[PDB]
Structures are given as C-alpha cells and as structure tokens.
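> Give the three-dimensional model of this entry:
(3 chains)
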Amino acid sequence: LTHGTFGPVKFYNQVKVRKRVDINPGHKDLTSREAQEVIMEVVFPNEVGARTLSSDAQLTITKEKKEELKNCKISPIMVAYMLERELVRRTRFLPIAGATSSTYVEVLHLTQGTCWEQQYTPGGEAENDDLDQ
Amino acid sequence: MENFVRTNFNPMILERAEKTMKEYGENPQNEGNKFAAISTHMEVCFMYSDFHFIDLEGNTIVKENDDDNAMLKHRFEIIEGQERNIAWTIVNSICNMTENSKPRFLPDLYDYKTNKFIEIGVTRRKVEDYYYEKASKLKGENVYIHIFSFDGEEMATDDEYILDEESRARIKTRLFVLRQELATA
Amino acid sequence: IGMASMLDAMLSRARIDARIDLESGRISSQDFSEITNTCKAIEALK
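Numbers count the residues shown, from 1 in each chain, chains lettered A, B, ... in the order given. Shown next is the structure:
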C-alpha cells in the first residue's frame, strides 16, 4: 500500500463474478503438513518427529526463516502461528471485477464498488505467470 | 511360553516389556513369536550400556561401580522401550550438537564416543542372511549394525567392534543360554 | 501423542536434555548429577 499508485476513478456499472481466489499474497505454496514440518524445524528444532524436509522449497524456506527469525525475543507460539498463516495457501469465494491476482484481491474494498472502479497498482512487481496469462 | 519372560528375567524388564506392545491386536497369550522377542531387545541394551563410560578428554573406560558420580558419563542411551515421541526427541537432540545424519527408521542405541547409531538385530539366522537384509535397505546412512548369532559366531560391519572383548563374550553366553530353552519350553 | 505418563515423559526428557546440555555444550559436570539425582528422587516418589 505504501508503495502503491492511484489512478482515476471511473463511474460505470461494475460486473463482479463470484470466484474462488487467493487471499494470502506471498503464500510460499506448500501443503499443510509440509508447513508443519517447516514450522517445527524453525521454532521447535529439537522436538521434530520422524519425518524430514522433503523438497528444496522446504529447505530454502527453513534456512531463510531460521536466519531471518534469529534471536527475536518473542513467544514461539506467535512465530508458529504467523508462519502457519504465511505459508499455506488460503482461498475464498469473493465477487471480483478485474484483476484476480492475490495482491489485487487484497484491496477489493479500495478498488471496486457498486458503480465505480478505483484504478490502483500495488507496490511490487507482477509475477510472470500473471503477466503471461 | 507365557511364563518364559516371567520366571527368567528380573522384575524391572517385565514392566518395560509390558508397555508399548499394547497398540495393535495381539497380546501376551496369543503368540510366542514377537511376545518375548521384545524383552531381550532391552536386556541387550542394558548389557551394552552398563559397565562402560567415558573420561574427561573423551576416552573409553570399562569400570566397576556403574553410577556415574560426577566425572564419568554413560556411554549408551536407551532408545528402544520409550514412547515414539521421546524416541525421536532422543535421536534429534543428538544430531543437533554433532553434525550427523538422521536415520530414516528407528535406531535402538547410540555410542557417544564413536557417534554411531546401533540398530540391533540378532535371530536364529546365522549372519549373512540378516546382515544384508537390513544393510541393503538402511544404506546410505552409516547405521552400525551388530549381527550376532544364536551360538557365538560374530560379524559386524567391517568387524569394527567398538565394544571390548570382555563384555561381548558375556553377551554371547547370555544368548547361548536363552537359545537352549526354546526346545524345553 | 503418547500412552506414557505425563511425569515419565518429562523425566525422560529431563535426563537427555541434561545430557547434551553438558556432553556437547555449556553446562557443568556437577550440574548433570544435580539434575539426574532429582530425576532419581522424583522416580522414587513414584
């Protein structure tokens, strides 16, 4: 938002298609169990179960997270919680006009109403998948 | 025989054997296949762990008393006979302060001087049929297998016997006697 | 998960935590015996 750019508001009848979309921008896409392995490695390393890190995704995330969260005086419960919310993909049925990308879904309240479009570009770069599509 | 573990072994192992076998279906009355077999899995561990400790620098010692007392420490940890949660908390606590590999399946002991994990596996088969049944499945990792025999013939990996010859000689006689009571039971 | 006792699990964890905290770490030799004695004292109280 801080690095976003606003365009003009256009007034016109706004067609909204109810569709399942991402609501977790930056979801380093993994399953729930895969994230549980990651979370355990990062905050509860000594208490891990039998399983191991299976993918290069799980390894680079685990080593980055271990490095980024190093010596941060905070409840491990809150770290485990935020990592759970960050890693796993979450979806929702929402009525959407225009871009369906997660970063645009995130600002539906600001970019569309019943009769208006607020042109807006979120800070950051578009992913190639989106640009190609 | 149901009283094969109860008349021979001492009281402390009976409770260890009574524990985690309760999970699937069978019970002490059904089988003489894997009922008593689990009992000696802990007895061998105690003979392996007892009368063996480590010194201040990091050297082996085979002493008399057996209760640490400050300056000396146990040489083996009892992985088998625990809960599945504690089992891997044991394994992982080791690997985190000595850059080691994490075995896929459960080991049963760990030597603190040589940093070797030990998957125990003695049976009526001689040596070669049960050494390469595990070693070509738990490979890659260097999990130290110690394949004994029911009689006495011995064959470890590279014959690398970390244990001194006085205790392993009594370990043979501990299994050389239990073998003989299968027929009379 | 586990069928074992809450106390036995804590005791099992206490013994090995004290182990690596000294064996390859930063806790003194007298303290290892100070903990395992208490685990023995606790184990006696059943």
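> can we go C-alpha only for contacts and neighbour counts from here?
OK.
> need the residues of chain C near chain B, please.
Residues of chain C lying near chain B by Cα under 8 Å from any Cα of the partner chain: C:1-4, C:9, C:12-13, C:16-17, C:20, C:24-25, C:29-30, C:32-33.
> Can you name the residue of chain C nearest to chain A?
Nearest residue of chain C to chain A: residue C:17, at 9.9 Å (Cα to the nearest Cα).
> so that residue sits in a helix?
Yes - per DSSP: H, G, I helix; E, B strand; the rest coil, residue C:17 lies within a helix segment.
> Strands of chain A, start to end?
Using DSSP state E, the strands found in chain A span residues A:5-11, A:17-22, A:91-96, A:116-121.
> okay, the ones you listed, which one's buried deepest?
Greatest average neighbour count among the strands of chain A goes to strand A:116-121 (a mean of 17), per mean count of other Cα atoms under 10 Å in any protein chain shown.
> what's near enough to touch the residue of chain C closest to chain A?
With contact taken as Cα atoms under 8 Å, 6 or more residues apart in numbering or on different chains, residue C:17 is in contact with residue B:93.
> thinking again about what came up before, between the strands of chain A, which gets nearest to chain C?
So among the strands of chain A, strand A:91-96 is nearest, using Cα to the nearest Cα, at 30.5 Å.
> Would you map the helices across chain B?
In chain B, the helices defined using DSSP state H lie at B:4-8, B:11-18, B:37-49, B:84-97, B:128-134, B:165-178, B:181-184.
> In space, not sequence, find me the middle residue of chain A.
residue A:25 (2.3 Å; Cα atoms, centre = their mean).
> For the residue in chain A that chain C sits nearest to, give its distance to chain B.
For chain A, the residue closest to chain C is residue A:46, as judged by Cα to the nearest Cα, at 9.9 Å. According to Cα to the nearest Cα, to the nearest Å, residue A:46 and chain B sit 5 Å apart.
> Around chain B, pick out the residues from chain A.
So chain A meets chain B at A:46, A:47, A:48, A:49, A:50, A:51 (Cα under 8 Å from any Cα).
> Please identify which pair of these lies farthest apart.
Within the residues of chain A next to chain B, A:46 and A:51 form the most distant pair, 12.9 Å apart (Cα to Cα).
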